[PDB]
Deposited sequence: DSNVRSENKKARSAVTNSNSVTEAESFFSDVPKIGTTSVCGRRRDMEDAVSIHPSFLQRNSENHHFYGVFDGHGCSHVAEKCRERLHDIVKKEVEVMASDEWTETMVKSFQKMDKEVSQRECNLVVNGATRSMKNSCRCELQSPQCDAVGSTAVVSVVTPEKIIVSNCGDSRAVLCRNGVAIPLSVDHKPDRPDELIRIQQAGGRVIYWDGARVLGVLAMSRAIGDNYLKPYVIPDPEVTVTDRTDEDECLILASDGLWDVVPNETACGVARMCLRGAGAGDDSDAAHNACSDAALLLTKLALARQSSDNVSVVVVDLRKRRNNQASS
């Protein structure tokens, strides 16, 4: 009676920047497990150049897929961590035209969510974010990797690094996030290891919003969901579009990437 696949809306723009270093990966029905249809969504905020963000857009779902085909029961944390580390490995081995020394300062955040019939899996590394709207409430499904996040501050010092405020809390004074894909020159302080949440789908779930800090740096979780909430009253693409426009209206000088996955059943 209803649809197994979700309606998704995407808006990914250069904004006031010269170079687009955001990338977006949309792979609905990308696999089946125990006769269950799985979905892949991912946002990547690049820095230094665009190529690491693009690379994730081109490989990450494949890598997650191969890892899923070998996972026991429901061990999604292990699956996502392995996938993320494997992505980083591949990057280890275009503006910068893949040339030194400039390719030696490139990485990407990666926020991705596999949506199964029963669960929402969010695997995050960096300061992009996944936020669930449900019962009107804005529920973050990831926690930004900021060098001054107290547990992140301590992990960095334990890797022998330091955090210096220089236009914001920064790892070694350089990078504004404590985790990322690539950026080998900043290992072991900045690692590609993601943190993973797993949350049961409810009847109260409205939509999932994956987005780069182009969005969250100016629009908070509560007002994002509110915009998405009314658009749903392509609605998802109307929400994605309205959200990026809002961030630009709040004078975002950064690339902006918003993905809106519809979670409730339809058709």
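- According to the record, the deposited residues with no C-alpha atom in the structure span 1-26, 120-136, 277-288, 323-328.
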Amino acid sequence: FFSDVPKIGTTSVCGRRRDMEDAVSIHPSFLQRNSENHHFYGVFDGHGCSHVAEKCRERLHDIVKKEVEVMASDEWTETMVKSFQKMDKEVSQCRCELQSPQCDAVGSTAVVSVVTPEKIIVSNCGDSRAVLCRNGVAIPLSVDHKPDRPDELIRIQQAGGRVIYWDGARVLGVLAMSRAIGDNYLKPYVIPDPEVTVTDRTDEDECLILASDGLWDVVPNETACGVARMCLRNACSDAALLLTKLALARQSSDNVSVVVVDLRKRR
From here on, numbers count along this sequence of modelled residues.
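- The PDB entry records a higher mean C-alpha B factor for 34-42 than for its counterpart among 53-61 and 34-42.
- Remark: stretch with higher mean C-alpha B factor among 147-155 and 128-136 is 128-136.
- In the PDB entry, the Cα temperature factor peaks, among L215, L210, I26, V70, at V70.
- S83 sits in the lowest third of its chain by CA B factor, as recorded in the PDB entry.
- Ranked by Cα temperature factor within the chain, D74 sits in the highest third according to the deposited record.
- Annotation for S100: CA B-factor lies in the middle third of the chain's modelled residues.
- Per-chain ranking of the deposited C-alpha B factor places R179 in the lowest third.
- Per the PDB record, residue ranking by Cα B-factor puts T197 in the lowest third of the chain.
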